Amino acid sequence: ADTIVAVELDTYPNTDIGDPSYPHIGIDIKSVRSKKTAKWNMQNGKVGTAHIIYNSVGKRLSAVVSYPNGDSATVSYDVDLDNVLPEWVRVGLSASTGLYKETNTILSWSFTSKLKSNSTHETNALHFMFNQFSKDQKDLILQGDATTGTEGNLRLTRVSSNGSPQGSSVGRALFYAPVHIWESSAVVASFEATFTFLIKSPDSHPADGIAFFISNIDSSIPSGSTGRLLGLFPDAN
């Protein structure tokens, strides 16, 4: 039903729905079966940064994930998003835990979108930055198990009062205002997103991952989308 473009930080290989056989970062165009992936060493308990970049000129969606020691994974995919997404969208973050589990903690999130016309100067633009999340975060739409705490963090999936990640959890956070991410007459339609995160588990394996996504304005968690579907897709096709 929904239309999804996503960058996934996938901690758990589900090798029978196309995942490679290692943790990986991927670009998802209307399917959980990534159009392109790269091997990712998730560092348990450390704070990672993800950077996502697209412009309508180069037409290349790119995504790098790094940790402070310097190890990083990158994935790029050539795609014209004018042909995938509706003109108006909501942008958001998603995360899942299923049979295996992890914290899906967001410490900060920023986004910029710009439409530059022909036309001579300038420009429609939207920019937000969160370095601290609050308990009543009025410019965020929280779906499912997602919560904003008193500790300044966004917590996408269930965590218990002792700091333990729960299994079978799904949560999303979407920015409140719709975003105008393309316009047929824009000479440049570009966007960038950045988020920092803390994934930790005392579990045999961490699962399932975190994703930045762009969707139709009325997007909601699809029925049965915990575990490997990352709160983004109603099936694995």
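One-based numbering along the sequence shown.
(request) State whether residue 127, though modelled here, is left unmodelled in a third or more of the other entries compared. (result) Residue 127: modelled in all of the comparison entries.
(message) Mean CA temperature factor from the deposited coordinates, higher in 199-207 or in 51-59?
(response) Going by the record's values, the stretch with the higher mean is 199-207.
(message) Tell me which stretch, 168-176 or 189-197, has the higher mean Cα B-factor listed in the entry.
(response) If you average the C-alpha B-factors of 189-197 and of 168-176, the larger mean comes out for 168-176.
(request) Using the temperature factors in the entry, find which of 161, 113, 110, 105 has the highest value at its Cα atom. (result) If I rank 161, 113, 110, 105 by C-alpha B-factor, first place goes to 161.
(message) Is residue 88 in the lowest, middle or highest third of its chain when residues are ranked by C-alpha B-factor?
(response) Its C-alpha B-factor, which the entry lists for residue 88, ranks in the lowest third among residues of this chain.
(request) Using the B-factors in the PDB entry, rank residue 143's C-alpha atom against the chain and give the third, lowest, middle or highest. (result) Middle third, going by the recorded CA B-factors of the chain.
(message) Ranking the modelled residues of this chain by C-alpha B-factor as given in the entry, is residue 133 in the lowest, middle or highest third?
(response) Middle third, going by the recorded CA B-factors of the chain.
(request) Among all modelled residues of this chain, ranked by Cα B factor, put residue 73 in the bottom, middle or top third, i.e. lowest, middle or highest. (result) Its C-alpha B-factor belongs to the middle third of this chain's values.
(request) Could you tell me which third, lowest, middle or highest, the C-alpha B-factor of residue 124 occupies within its chain? (result) CA B-factor rank for residue 124: middle third.
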